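There are 2 protein chains.
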Amino acid sequence: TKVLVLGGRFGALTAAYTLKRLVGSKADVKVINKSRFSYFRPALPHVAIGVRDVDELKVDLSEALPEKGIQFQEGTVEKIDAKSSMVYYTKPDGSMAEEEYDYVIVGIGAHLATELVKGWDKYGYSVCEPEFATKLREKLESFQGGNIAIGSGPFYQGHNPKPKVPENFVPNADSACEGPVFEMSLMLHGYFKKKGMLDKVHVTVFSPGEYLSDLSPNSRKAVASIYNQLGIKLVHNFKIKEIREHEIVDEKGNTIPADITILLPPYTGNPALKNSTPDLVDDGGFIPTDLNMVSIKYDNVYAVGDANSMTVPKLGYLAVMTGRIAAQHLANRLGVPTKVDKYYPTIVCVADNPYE
Amino acid sequence: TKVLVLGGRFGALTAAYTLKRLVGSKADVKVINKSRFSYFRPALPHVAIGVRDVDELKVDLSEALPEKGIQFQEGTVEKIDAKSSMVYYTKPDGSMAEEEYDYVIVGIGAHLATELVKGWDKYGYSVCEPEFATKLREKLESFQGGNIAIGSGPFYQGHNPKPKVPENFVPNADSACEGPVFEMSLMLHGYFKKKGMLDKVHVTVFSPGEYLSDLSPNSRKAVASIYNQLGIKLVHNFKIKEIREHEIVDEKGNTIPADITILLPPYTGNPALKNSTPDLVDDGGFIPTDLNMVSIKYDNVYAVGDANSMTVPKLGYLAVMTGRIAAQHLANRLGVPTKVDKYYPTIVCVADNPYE
Ligand SMILES: *Cc1cc2c(cc1C)nc1c(=O)[nH]c(=O)nc-1n2C[C@H](O)[C@H](O)[C@H](O)COP(=O)(O)OP(=O)(O)OC[C@H]1O[C@@H](n2cnc3c(N)ncnc32)[C@H](O)[C@@H]1O
Ligand SMILES: *Cc1cc2c(cc1C)nc1c(=O)[nH]c(=O)nc-1n2C[C@H](O)[C@H](O)[C@H](O)COP(=O)(O)OP(=O)(O)OC[C@H]1O[C@@H](n2cnc3c(N)ncnc32)[C@H](O)[C@@H]1O
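Chains as they are written, first to last, in PDB author numbering: chain A, 2 to 357; chain B, 2 to 357.
This is the structure we're talking about:
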């Protein structure tokens, strides 16, 4: 049995390690990732006065994986042919390959559609880019005063076909990861309050939809009140379309003053999945599955983490959760009786609570 | 300066200790509590198969407090005369004392109106009663099968006058602490799943209102889906009125099968506060204040924790938060320049997230 695991982070690693440990020699587990190293830093930075806390974990998949009986091949998946059970990918040297699998675990995540934002290259500051959050840190300390805009781009969620899961297990969201926006808004207020710059800096938070949509209307009104108190502006239904040097523009031509734009880029499906077997993926580019992480169309394709349709919001711990489930369900198939954990939706992001 | 602190838990102790440490000799801090000891166990028990984890902290206020420069007097507050700044209370010997204060910090919490539930004495199992968690534990392990009902009683929230705080800082809730109901429902399912009794035991969850009201409809629907999957029934708008041996009845005379009734009693204002200066308290028996914890009517009365009107849901950490604020604001008044922390509403109970 050859099991291919696509990707190298939460979903992939969880599934690979859990699978190998569970079946050992009963299967060959191989991981294909677009890069040799996988980095795991902290969700949000620590904007502290004169205190820069570095804490990154760097994994070398080529060494770390074999050490666990898992093979590793670096390459960029270009498409998955679910019909012929082939994974097409480009190697670092530019060459093209395709490997057959008996089972595939898709953990290549989603996509941060920065490309959908005119002026991104020139004036954007992303919260999800590695040493891009360093560019921000430096920018924030040298900031003399002005306007700051913080928010996320729209979530191009797929809707059809639908995951084979109980009712209401998958929410409809205008934003894929919004909680971090609330936290960073509060942190930025703190940082500037400590620098006695509250009068020099003006923070505007923007949402592609209603803002923290897992909350009740009152809880959302409460959050707005907090912003009012802290002198933070809130603009709803602002689907960012462009970044200029001093402002951001929405799809309707409305603007927000912004000398510094902190953006969680729009979420779209992974291009490699958009280019895969049409009926493997939904209109968004995500793989709909059942509660066992098995594709609703191809019984030998598993989708985990961000790449799976049901993971909304797009959370690392849901990635780990789905990674395990996929691995336990598969182990059973490979003749190793294993308990398959039940999947739960999140209900609410705990970051919605300021006391967090 | 004589500062009286009423109560002996989260709000009281936080305020007393914080105040004394902040002003030292600049004031006499004395605590009056209905009992000599204050116990601090765990919010919810640990229903484990043959594994009973005890972990309770027992404080002797008479020794612990003076050790910090805080006097202690045991007695049961009967009423507060805000107009004359007198606190009336019964001593252990049965005598009725009446002391005067320059400032008072009310931390006597709320009330668990078990008395409002017919048959409580005879067949009730409370989640908020010290060793009541014990009577339950023994009952649950001897349970051969049948029906279990779990939920909370209505919250007799006060509405007038209103707290002097920003808009939407205080929610309207039908239940004062509902999160624990969700957690326990999931835990009880686990306990019985491990005993292989899922078919022998039938769990029904009941809510005085629309359950987990801080959540969006879509999050509430998700929760309902989880219940459905787990075989747990949900009955909303069920304001309990009586507990029989094998069913719970609400006001309307409606029933829910219940051989074991796990109830978080209804929340009402502390009777001592209902019998205090009429314009100190709201229609519920809670003390409305501003963001500094100062009564909106008497500038030398502070209300902290459960006894304060704004603490909804009724949370220990909000008690600790309000306790600190009260103490810092007062310290400033007593000539000790101190930073007064900003008060935030909770937004959501993190227990709403099953991954918690
Ligand atoms: C951006 C962000 C995310 C976030 C957060 C705060 C911010 C600013 N806070 C979180 C929190 O508080 N709690 C939590 O649980 N999650 C939080 N998140 C989310 C987390 O980033 C994601 O949910 C998680 O990363 C999802 O993991 P998954 O493993 O599913 O996806 P991924 O991390 O993107 O990994 C993708 C892997 O696949 C490889 N890849 C991608 N494309 C290819 C191709 N074509 N070929 C081969 N490999 C590919 C990537 O290199 C990566 O290894
Ligand atoms: C019941 C419950 C509560 C709870 C929870 C789960 C359950 C089952 N889970 C919680 C959680 O996950 N997180 C959290 O922050 N809180 C949680 N809670 C709430 C917590 O119990 C309350 O919010 C907290 O106890 C409030 O504290 P406070 O100090 O305001 O009130 P109190 O604990 O009732 O203390 C009352 C003190 O006053 C004394 N007292 C009462 N009446 C008198 C009179 N007449 N005279 C003198 N003293 C009086 C009491 O003896 C007590 O010392």
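Ideal placement from N, C-alpha and C gives every residue a C-beta, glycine not left out.
Suppose you measure from the CA of A/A225 to the CA of A/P218; what does that come to, to the nearest Å?
Near 10 Å, if we compare the C-alpha coordinates of A/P218 and A/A225.
With three or more beta-carbon pairs closer than 8 Å as the criterion, would you say the segment 5-14 of chain A touches the segment 26-37 of chain A?
Enough Cβ pairs lie closer than 8 Å, so yes.
From which residue to which residue does the alpha helix (DSSP H) around B/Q329 run?
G317 to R334 is the extent of the alpha helix (DSSP H) around B/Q329.
Just list the residues that DSSP pairs A/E243 with in beta bridges.
A/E243 is bridged to A/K119 and A/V250.
Which residue marks the beginning of the alpha helix (DSSP H) containing B/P181, and which one marks its end?
Its alpha helix (DSSP H) spans residues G180 to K195.
Answer with buried or exposed for B/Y228, where buried requires no fewer than 16 other C-beta atoms within 10 angstroms of its C-beta.
Burial is judged here by how many other beta carbons sit within 10 angstroms of a residue's own beta carbon; B/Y228 has at least 16 and is buried.
Please list, in chain order, the chain B residues whose beta carbon lies closer than 8 Å to that of A/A223.
Simply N169, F170, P172, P346 and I348.
If we define contact as Cβ-Cβ less than 8 Å, is A/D215 a contact residue for chain B?
Yes, A/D215 lies at the interface with chain B (some Cβ there is under 8 Å from its Cβ).
Exposed unless 16 or more other CB atoms sit within 10 angstroms - verdict on A/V55:
Exposed is the call here.
Check the Cβ of B/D353 against every Cβ in chain A and list those closer than 8 Å, keeping chain order.
Near B/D353 (Cβ distances below 8 Å), the residues of chain A are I348 and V349.
Chain A contacts made by the segment 226-255 of chain B, where a contact means CB separation under 9 Å
When CB distances to chain A are screened at a threshold of 9 Å, the residues of the segment 226-255 of chain B falling below it are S226, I227, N229, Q230 and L231, in chain order.
Provide the residue span of the alpha helix (DSSP H) that contains A/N229, from first to last.
It spans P218 to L231 - the alpha helix (DSSP H) in which A/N229 sits, taken as one unbroken run.
Exposed or buried, what is B/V182 when buried is set at 16 or more other beta-carbons lying within 10 Å of its beta-carbon?
With a threshold of 16 other beta carbon atoms within 10 Å, B/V182 meets it and is buried.
Take B/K119 as the anchor and find which of B/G254, B/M97 and B/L231 has the nearest alpha-carbon.
Nearest C-alpha to B/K119: B/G254.
Could you check if A/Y303 belongs to the surroundings of ligand 1, using beta carbon to heavy atom distance under 7 Å?
No, the beta carbon of A/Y303 sits no closer than 7 Å to any heavy atom of ligand 1.
Can you check whether the C-beta of B/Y102 is within less than 8 Å of a C-beta belonging to chain A?
Not closer than 8 Å to any Cβ of chain A, the Cβ of B/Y102 fails to qualify, so no.
Please confirm whether A/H237 and A/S208 have their CB atoms less than 8 Å apart.
It is a contact, given that the beta carbons lie within the stated cut-off.
Contact between the segment 324-344 of chain A and the segment 300-309 of chain A (3+ Cβ pairs under 8 Å)
A contact exists between the segment 324-344 of chain A and the segment 300-309 of chain A.
How about B/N219: is its C-beta nearer than 8 Å to some C-beta of chain A?
Interface residue, yes.
With DSSP collapsed to three states, give me the class of B/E168.
In the structure shown, B/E168 sits in coil (DSSP, three-state: anything other than H, G, I, E or B).
Which residue comes first and which comes last in the alpha helix (DSSP H) that contains A/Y356?
No alpha helix (DSSP H) contains A/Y356, which DSSP labels as neither H nor E.
Report the three-state DSSP secondary structure of A/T347 (helix, strand or coil).
Of the three classes helix, strand and coil, the one that applies to A/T347 here is coil, per DSSP.
Could you spell out where the alpha helix (DSSP H) holding B/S63 opens and where it closes?
Taken as a continuous stretch (DSSP letters only), the alpha helix (DSSP H) holding B/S63 covers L62 to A65.
Is it buried or exposed for A/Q158, if we count other Cβ within 10 angstroms and need 16 for buried?
Buried, by the Cβ-count rule.
To the nearest angstrom, how far is the alpha carbon of B/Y124 from that of B/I244?
Straight-line Cα distance between these residues: approximately 6 Å.
Within chain A, partners of B/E357 - CB distance below 8 Å:
Those are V351, listed as they occur along chain A.
Span of the beta strand (DSSP E) holding A/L7?
Boundaries of the beta strand (DSSP E) around A/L7: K3 to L7.
Taking only the alpha-carbon atoms, compute the straight-line gap between B/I241 and B/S127 and give it to the nearest angstrom.
When rounded, the distance between both Cα atoms is 13 Å.
Looking at A/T339 and A/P164, is the spacing between their C-beta atoms short of 8 Å?
Between A/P164 and A/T339, the C-beta gap is not smaller than 8 Å, which leaves the two residues out of contact.
So A/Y318 contacts chain B; which residues on that side make the cut at Cβ distance below 8 Å?
Near A/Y318 (Cβ distances below 8 Å), the residues of chain B are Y356.
Given B/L274, which residues of its chain have a CB within under 6 Å of its CB, disregarding the five upstream and five downstream residues?
Same-chain partners within the cutoff: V282 and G286.
Please tell me whether, using a cut-off of 7 Å, the distance from the CB of A/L20 to the nearest non-hydrogen atom of ligand 2 is below it.
No; taking the cut-off as 7 Å, the Cβ of A/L20 has no heavy atom of ligand 2 nearer than that.
With H, G and I counted as helix, E and B as strand and the rest as coil, what does DSSP make of B/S26?
In the three-state scheme derived from DSSP, where H, G and I count as helix and E and B as strand, B/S26 is classed as helix.
Among B/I263, B/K92 and B/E75, nearest to B/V206 - alpha-carbon criterion:
Proximity to B/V206 across B/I263, B/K92 and B/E75 peaks at B/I263, based on C-alpha coordinates.
Is it a yes or a no for the segment 69-76 of chain B touching the segment 19-33 of chain B, going by three-plus beta-carbon pairs under 8 Å?
Verdict: yes, contact present.
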